[PDB]
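A quick write-up on the structure given underneath.
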Amino acid sequence: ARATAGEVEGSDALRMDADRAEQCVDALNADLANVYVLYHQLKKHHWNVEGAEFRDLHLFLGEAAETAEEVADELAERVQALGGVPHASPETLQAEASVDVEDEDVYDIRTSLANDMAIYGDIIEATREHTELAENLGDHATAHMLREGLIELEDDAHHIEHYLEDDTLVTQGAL
Amino acid sequence: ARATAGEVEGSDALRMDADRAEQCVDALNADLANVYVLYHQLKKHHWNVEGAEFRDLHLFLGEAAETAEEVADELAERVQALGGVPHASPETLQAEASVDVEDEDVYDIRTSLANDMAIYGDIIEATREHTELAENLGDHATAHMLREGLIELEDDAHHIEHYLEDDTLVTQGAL
Amino acid sequence: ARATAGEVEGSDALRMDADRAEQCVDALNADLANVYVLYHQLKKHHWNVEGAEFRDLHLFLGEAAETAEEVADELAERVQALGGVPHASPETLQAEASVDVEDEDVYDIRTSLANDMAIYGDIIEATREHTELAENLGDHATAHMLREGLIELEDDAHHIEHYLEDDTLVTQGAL
Amino acid sequence: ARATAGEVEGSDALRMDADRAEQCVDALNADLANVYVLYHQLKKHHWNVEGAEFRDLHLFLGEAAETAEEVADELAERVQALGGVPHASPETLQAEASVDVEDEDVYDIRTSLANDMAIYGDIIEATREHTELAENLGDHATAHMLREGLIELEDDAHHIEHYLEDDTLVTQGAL
Amino acid sequence: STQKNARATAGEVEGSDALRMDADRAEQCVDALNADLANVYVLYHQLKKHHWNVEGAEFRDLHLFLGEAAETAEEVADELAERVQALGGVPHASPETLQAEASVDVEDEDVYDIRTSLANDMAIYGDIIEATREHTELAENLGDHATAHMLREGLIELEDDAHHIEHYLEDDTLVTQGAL
Amino acid sequence: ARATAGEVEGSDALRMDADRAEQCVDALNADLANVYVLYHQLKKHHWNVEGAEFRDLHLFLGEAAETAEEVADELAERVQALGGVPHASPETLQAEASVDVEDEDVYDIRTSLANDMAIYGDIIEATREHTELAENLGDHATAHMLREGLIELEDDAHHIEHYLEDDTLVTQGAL
Amino acid sequence: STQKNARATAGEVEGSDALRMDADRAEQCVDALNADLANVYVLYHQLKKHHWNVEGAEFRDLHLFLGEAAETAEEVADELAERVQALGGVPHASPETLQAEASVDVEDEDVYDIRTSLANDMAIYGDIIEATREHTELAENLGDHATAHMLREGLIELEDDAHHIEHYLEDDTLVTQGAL
Amino acid sequence: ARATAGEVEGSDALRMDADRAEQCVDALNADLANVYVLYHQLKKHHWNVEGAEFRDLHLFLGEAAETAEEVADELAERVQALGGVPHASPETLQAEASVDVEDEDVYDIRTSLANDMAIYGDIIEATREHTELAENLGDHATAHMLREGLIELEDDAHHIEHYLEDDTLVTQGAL
Amino acid sequence: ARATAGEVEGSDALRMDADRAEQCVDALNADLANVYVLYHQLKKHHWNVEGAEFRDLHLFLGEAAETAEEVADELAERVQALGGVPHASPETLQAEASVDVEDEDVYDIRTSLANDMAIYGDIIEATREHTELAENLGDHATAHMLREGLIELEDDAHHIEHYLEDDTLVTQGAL
Amino acid sequence: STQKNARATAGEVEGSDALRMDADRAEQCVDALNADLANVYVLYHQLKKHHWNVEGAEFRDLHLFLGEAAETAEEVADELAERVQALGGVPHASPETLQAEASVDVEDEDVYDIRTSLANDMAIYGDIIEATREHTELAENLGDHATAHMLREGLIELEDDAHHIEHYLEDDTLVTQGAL
Amino acid sequence: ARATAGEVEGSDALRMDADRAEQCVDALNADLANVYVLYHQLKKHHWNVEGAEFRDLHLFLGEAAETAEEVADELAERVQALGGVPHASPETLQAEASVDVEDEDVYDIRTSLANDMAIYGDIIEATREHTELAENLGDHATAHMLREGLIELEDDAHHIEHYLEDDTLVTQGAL
Ligand SMILES: [Fe+3]
Ligand SMILES: [Fe+3]
Ligand SMILES: [Fe+3]
Ligand SMILES: [Fe+3]
Ligand SMILES: [Fe+3]
Ligand SMILES: [Fe+3]
Ligand SMILES: [Fe+3]
Ligand SMILES: [Fe+3]
Ligand SMILES: [Fe+3]
Ligand SMILES: [Fe+3]
Ligand SMILES: [Fe+3]
Ligand SMILES: [Fe+3]
Ligand SMILES: [Fe+3]
Ligand SMILES: [Fe+3]
Ligand SMILES: [Fe+3]
Ligand SMILES: [Mg+2]
Ligand SMILES: [Mg+2]
Ligand SMILES: [Mg+2]
Ligand SMILES: [Mg+2]
Ligand SMILES: [Mg+2]
Ligand SMILES: [Mg+2]
Ligand SMILES: [Mg+2]
Ligand SMILES: [Mg+2]
Ligand SMILES: [Mg+2]
Ligand SMILES: [Mg+2]
Ligand SMILES: [Mg+2]
Ligand code: NA
Ligand code: NA
Ligand code: NA
């Protein structure tokens, strides 16, 4: 093999020694796994959402999945740039994720969104810790990328929170 | 000062004597104040809307706010073109507005929309009267601008009316 | 749960009874799993590719991954439309996939591309058989969707074949 | 009411307790009020600017106003996301603003721009302090959002500085 | 009549049966629109002159503005001429004809400073703006709501450019004696 | 039913009582029926046009049909906004139309275009009268919408007139 | 075999292992696609000729149409040639080869009137359309659904252009003896 | 006056002495006058064209007029750049033009186009002479500009020649 | 026949007598034949290119073919404009071409590109001679067109030269 | 002071009152940014050299990459220079000055093979990347969060291009001895 | 080394012998050095411009710098294409430039622009000489490229001349 899973070489081009690079990679690889499980669960909810609000939700969840995909790509490319091996196979990504993943049954949209919000929250807390890590290691490019991703993730988590809030235009009358 | 609040000079370039220009300015400045309070309340509702329909509403209210902003800009530039001084500070705009403005608490989305619909209705009635005024003064450019704005305002007010209507895809079952 | 994994309800809107739909869904879900494994492995190779041709390959592989992701989305949405439950979690996708997936080490580019070429071939052969199945059930929309995906998959597979062919501009002199 | 002005609930989605969120919200709402006063005063100057440079200034000021409006929208949405109530009505915005606002007369362009420059400086100094507050609370998304706005605000402030500098192409000969 | 070489004779107005506008009504509108057309094309040509020739400390901003103003005038002229033709008239066409039929004042061929140039343009705009207002009322009074609408759409663009010129001429500036 | 055909409720949002709205709706619904007949006949002529000029005419007629469809949409939406019920089914549209409609045979292009020209004229004359009705009721938005449509209708009608005029580049020599 | 100068010999077909298409199946498809390619490139070149040379009262509309039709034919040729290559064959390439392998009738180098020119094109389209229909059935019968799909996507574009030519030739016109 | 019609100052920026510049200016001004007469007559023909081919011609003539306008602008700007005064007023442009201009009657389209073809030919011949003049003076930018314009004018003239050619799809049968 | 292959009539619109036009036409037709052979061979190489660099080459060769097609179109249109008949059928174009064309076997990419380079060089030399011819006849539009085409052909020929140069990133190590 | 010909003297730093940045703080930031600017403009010019001169089997892909990399460097230089000026300093300007003030190693004027060329570029990137990291900490420590933000936005683009070069130099390839 | 600074090999692809190519290369390299000094000084003036007209100038100078950069790129690529070595390092470009470069102090804008005007004039004169050189060598692509660049440089030089002219809208009154 050209590279072995779990090894971190650092980078001469980026002037990152293997020691610092390994600490960053460890964090970024853990995030990658969670963000890809998030991407797949968002896809699931995008595909399956039904009912009175479904089309708006389908569009939102599709866009949220594309965001998660792009964050994943950034995390993975950074892992590779730092001389690591990004988690790749679906079985690896899920095994390495710490978040909870739905079983293969389809739940109602409130349950589904609440499950996703939990995932977001875990990723958000982790990402805040990892940005601090990167900045303390002097890896400002990593810290900056993590913040650029964090803002997009927090926006989506916030949207979910709002979808679940106890207000509606619907009245008893209209029923 | 270069110009004093409340004074109207007219315009030699536009061949509008100060007498006619003052009548138009008086109407346009009153509209400007109401339309900017409308813009700020729409922004408020855009920011705060929550629940099952929130994202569609957030997008609608954002777009409705941008429309109000553009109408305000047009009214203000016309005031200035006619040799007047458009109402400018936030405190002035609200003091000069005749419409009701919500206090700083956040109301549920039905209440919030109903409050906005009332504002629209007042602006719509006023704008119809002001277009007639402008045309009777021979200020056809003003009358035309007012109509171009009126159609956009009536479209948004109509959308609000529809959001509040007593129909829904939701059934008791789905609850 | 709202739907149980493996169940196929058909669709009243699409006038497809569950019996007929089930045959199509079993094919499309098998394809979905293989295509998402392909997507993840193309992403791996996109992230990790190095050497004299790497940027052209990085771009190709990224585009190929996007094509796979879009085909997956189409298959999953068709499953759902026919009253099925698309495979969703990463562990399910890999478990339900028939194709071979690389272990987590990184291999040289010729090895990597050859591995991908084998996955394409598997999917292309299956898709051919599934288009016939769909047309024999009278599900012309599914058969049409399969063909539109098949052509894009064959194009990428054919590109891989060309990348591995025994020609080059490079000479011993230039070495 | 659904939310009472001044209250800060935090956010479960964003994993920010109310205590922590409240510190951030008090800063962001203070900034919001100053930025919306800035927006309205830039609009004033956009509408009223006259003379030899007026079209270039009209365009600059209009773009600057759009930047302010976007920064305001970001601040307000962040307040709401953290479980706060963004200042909304014009009278509230001006009352909660710390910066100085022109009276309703129109001043010459150098005076007007100098007044705006002072508002920018106030906001820029506050935003610097608020980014540090956010980062010290571990609210990296807020701190990142503050910096993205800060750079655009500094750019406009710097433009104003250049407009007021003691150089020109004009000569006594050309007069 | 069947042997005339011309397809239409300048100054005649036939109305339109497609548009259900009789020739009597159409003739009143065409008289107005053709007069406007001549003035707008003189404006266009003078804006072009000023666009080409403007120099000095603000010249690039003015060059861009004047070019955009000329394009606007060209577009309004096109609309007026096409409306004359739609109503069964003959739009004034040759440059000599357009200037002969124009009521506005044209600069001679020497080049003047920018303040003079813009003030001369401002006077043209004003004359056109007053006439357009009159012609909009004429069209609405005859029930030709499409012409009235078209005139208003043009008027707002011409007023905006007239207003910009008024602003360029105003007595304010960033320049100070100390910068000089 | 939610609304009964022929009923006009007015609108609270738009501050139009039913009495006033009804006058406008009766005009707009009559126009709607004629414009949709026009749309269908332009489509017919678009589909069937043949000969030396057919492609230019096919494109013109298709664009003209799109214009008619947009005018119809505007009229129908205004009817609904004023609390009316827009004519909807094809049989209703043709029954409520005052203009003449071709039988199902295909006629030569001059005949076809002349038939369309007559429909345009009818609609143009009515629209002129309806804009006056709207303005006399103080419904300036409706009157403005009517004028914006009228100009596009007159443009297409005028094109037809030119297509039928007695000139051509063709000579006996070229024959 | 290891010492041949050519990388591939014209007329041989190797199939594809990437595409899981054996050479026997691939050869039947390639025979069909190459024949189509030759006819489509002759069509392309004749459409170009007519685009360049068209004159008279309708010439600009026809010039645009014929240019668009040629671009369509060029695109279909590209797809057919790339499919031949994907299936392990050698697409016909040189102009002499393309015309030699084409079954359709080509105009000689003189320029004919537009009605003649379009009628000659119409005959080419028709021949290609009938063959493409046959080849789509051939591909689907061999299980080469991607080739069949590609052929259908091409066929609809070629049919649309053939139909336009049929319309241009139809016996109607706005022109009247009185306009003449 | 800043500059007198007929003065040619040359340019220090462009390193063109007044003697060389004057030769170019006289040529360019001659061309400007002709090109603007061409513009006005193309407009005339665009406005008035009627009959079986009118829409295609209306479009072509509008585009040809656009091209003539852009050539005139380039000619005039170059005059000014070389320190001369471009011909400006409509009366001056027609007086200074050497080509024949139609009287104010409207002619049939064949006559109209033949008149335009003659103007084009005169301009084309002159432009070829002026390009040679420019190159002989070492004014390669002028020469290049003249050629860039020439190619566009030749293309339009060529189109007119083709419209007038003795071919058509029309048959006596169709008549 | 309307025109006989080999007749050159010149143009009254372009004020080009048949004697001058014929000299240009013969030159342009020669170039047209060569450029279309070049197009067909670039297509061939685009379709067939294989190996480590094939995708970059496939793209380059497709673009080079596009450029050759556009040059041929300009050449042919100019022939026609000058009153000649452009070479049209595939057999005629190859017969009239002076450059060498590959037989129908597929060669390796270095051989293929070297064959193309030779065609380019022949065309480039001819085009330079033809530009001088055109300018000497006073046909400046032809000369300008030829140069606009020449620069694009030279750029493509230059690229081929670079692809064939004796450098690479590949090392014996990588092999 | 009132009689100096220069408007600003190279090496002086005045801070900004608009930006509420005193001269002492601003001077530390400007020293850093100007040093970066010089290195980034040397990088830009060497990327341009390599873009122009690259040849061989991968040259077109590298030509495109190097052109894009140079545009990135140009953009970063622009941002650094404009920030120096905003903080009341004088950005290094002339080519001689930029290279004199640059700490990185510049190739001599001969042309080297692509592997050598890219390795020389890689060394420049690395030096700039290490300094930029230092300067981001400097800016944040002084409370100049906008400069820090700007530096990070630049750093990520420069790191991406440095990483691409690292990949181009890696010891893998599709090429095989059999293809040779 | 692959090529030595100062070697000129010509090109077999472009059919340009080293003797002819060397004459062009020397000319183009001279121009490249001057154009890059011009670029750097335009950048300088873009960065530093202050005062009443600064934003318009900042924009103009940025665009002029862009144009100079693109001309330099074309010059350098042509050098390389002809088998020479383009001047590359900043020190080499300034050493090889014949134009005067400002010292590192910042001058007022009139002085700055006058310095730039002088550089433009020197380049314009040289470029005219080089175009003639190229055409005399039969290198028509070089000649054409030089003219395409010349026209853009002349336009920018002309703008600078206009900015420096003795006119303004400013009056003593406004002061
Ligand atoms: Fe990626
Ligand atoms: Fe505005
Ligand atoms: Fe989807
Ligand atoms: Fe399709
Ligand atoms: Fe918002
Ligand atoms: Fe950012
Ligand atoms: Fe027009
Ligand atoms: Fe609609
Ligand atoms: Fe409008
Ligand atoms: Fe292709
Ligand atoms: Fe211009
Ligand atoms: Fe050009
Ligand atoms: Fe063409
Ligand atoms: Fe810049
Ligand atoms: Fe380049
Ligand atoms: Mg690596
Ligand atoms: Mg004013
Ligand atoms: Mg479902
Ligand atoms: Mg909330
Ligand atoms: Mg007519
Ligand atoms: Mg309703
Ligand atoms: Mg192959
Ligand atoms: Mg001048
Ligand atoms: Mg001809
Ligand atoms: Mg400064
Ligand atoms: Mg070389
Ligand atoms: Na390679
Ligand atoms: Na000024
Ligand atoms: Na015809």
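The first residue you see is number 1, and the count goes up from there.
Method reported for this entry: X-ray crystallography, 1.6 Å.
Even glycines carry a Cβ here, placed using N, Cα and C.
Quick look at what Swiss-Prot annotates:
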BINDING   I:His46, I:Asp73, I:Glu77  Fe cation 1 binding site
SITE      I:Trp47  site 'Involved in iron translocation'
SITE      I:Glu50  site 'Involved in iron translocation'
SITE      I:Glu69  site 'Involved in iron nucleation'
BINDING   I:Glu77  Fe cation 2 binding site
SITE      I:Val79  site 'Involved in iron translocation'
SITE      I:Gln80  site 'Involved in iron translocation'
SITE      I:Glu148  site 'Involved in iron nucleation'
SITE      I:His158  site 'Involved in iron translocation'
SITE      I:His162  site 'Involved in iron translocation'
SITE      I:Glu165  site 'Involved in iron translocation'
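Taking I:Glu69, I:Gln80, I:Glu148, I:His158 as the recorded sites under consideration, the smallest Cα distance to I:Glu50 (site 'Involved in iron translocation') is found for I:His158. Taking the C-alpha positions, the distance from I:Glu77 (Fe cation 1 binding site) to I:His158 (site 'Involved in iron translocation') comes to 27 Å. Cα spacing between I:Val79 (site 'Involved in iron translocation') and I:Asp73 (Fe cation 1 binding site): 10 Å, rounded to the nearest whole number. When the recorded positions I:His46, I:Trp47, I:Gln80, I:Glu148, I:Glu165 are compared by Cα distance to I:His158 (site 'Involved in iron translocation'), the shortest distance belongs to I:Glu165. Around I:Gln80 (site 'Involved in iron translocation'), the C-beta neighbours below 8 angstroms that are at least 6 residues distant in the chain are I:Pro86.
Proximity to chain G (Cβ-Cβ distance under 8 Å) holds for the following recorded positions out of I:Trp47, I:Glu77, I:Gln80, I:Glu148, I:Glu165: I:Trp47, I:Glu77, I:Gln80. With I:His46 (Fe cation 1 binding site) as the anchor, the candidate recorded sites are I:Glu69, I:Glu148, I:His162, I:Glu165, and the one with the nearest CA is I:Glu69. For the pair formed by I:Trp47 (site 'Involved in iron translocation') and I:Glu165 (site 'Involved in iron translocation'), distance between Cα atoms is given as 23 Å, rounded to the nearest Å.
On the backbone, the CA of I:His162 (site 'Involved in iron translocation') and the CA of I:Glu148 (site 'Involved in iron nucleation') stand 22 Å apart. Under the DSSP three-state reduction, I:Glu69 (site 'Involved in iron nucleation') is assigned to helix. Cα spacing between I:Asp73 (Fe cation 1 binding site) and I:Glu148 (site 'Involved in iron nucleation'): 13 Å, rounded to the nearest whole number.
Not one of the recorded sites listed as I:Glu50, I:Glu69, I:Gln80, I:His158, I:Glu165 brings a Cβ under 6 Å of any atom of ligand 13. Counting other C-beta atoms within 10 Å of each candidate's C-beta, the recorded positions I:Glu50, I:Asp73, I:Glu77, I:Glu165 are led by I:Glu50. Those recorded positions from I:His46, I:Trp47, I:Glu50, I:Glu69, I:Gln80, I:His162 lying by chain J, with Cβ under 8 Å from one of its Cβ atoms, are I:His162. If you draw a 10 Å sphere around the CB of I:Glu69 (site 'Involved in iron nucleation'), it holds 22 other CB atoms from the protein chains shown. Here the recorded positions are I:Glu50, I:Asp73, I:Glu148, I:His158, and the ones sitting under 8 angstroms from chain K, going by CB atoms, are I:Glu148, I:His158. Checked against ligand 28, the recorded sites I:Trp47, I:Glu50, I:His158 give no residue with a Cβ less than 6 Å away from one of its atoms. A helical conformation is recorded for I:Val79 (site 'Involved in iron translocation') in the three-state DSSP classification. DSSP assigns I:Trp47 (site 'Involved in iron translocation') to a helix.
A distance below 8 A between C-beta atoms marks none of the recorded positions from I:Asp73, I:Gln80, I:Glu148, I:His158 as lying next to chain C. Under the DSSP three-state reduction, I:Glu148 (site 'Involved in iron nucleation') is assigned to helix. Counting in whole angstrom, I:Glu69 (site 'Involved in iron nucleation') lies 14 from I:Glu148 (site 'Involved in iron nucleation') by their C-alpha atoms.
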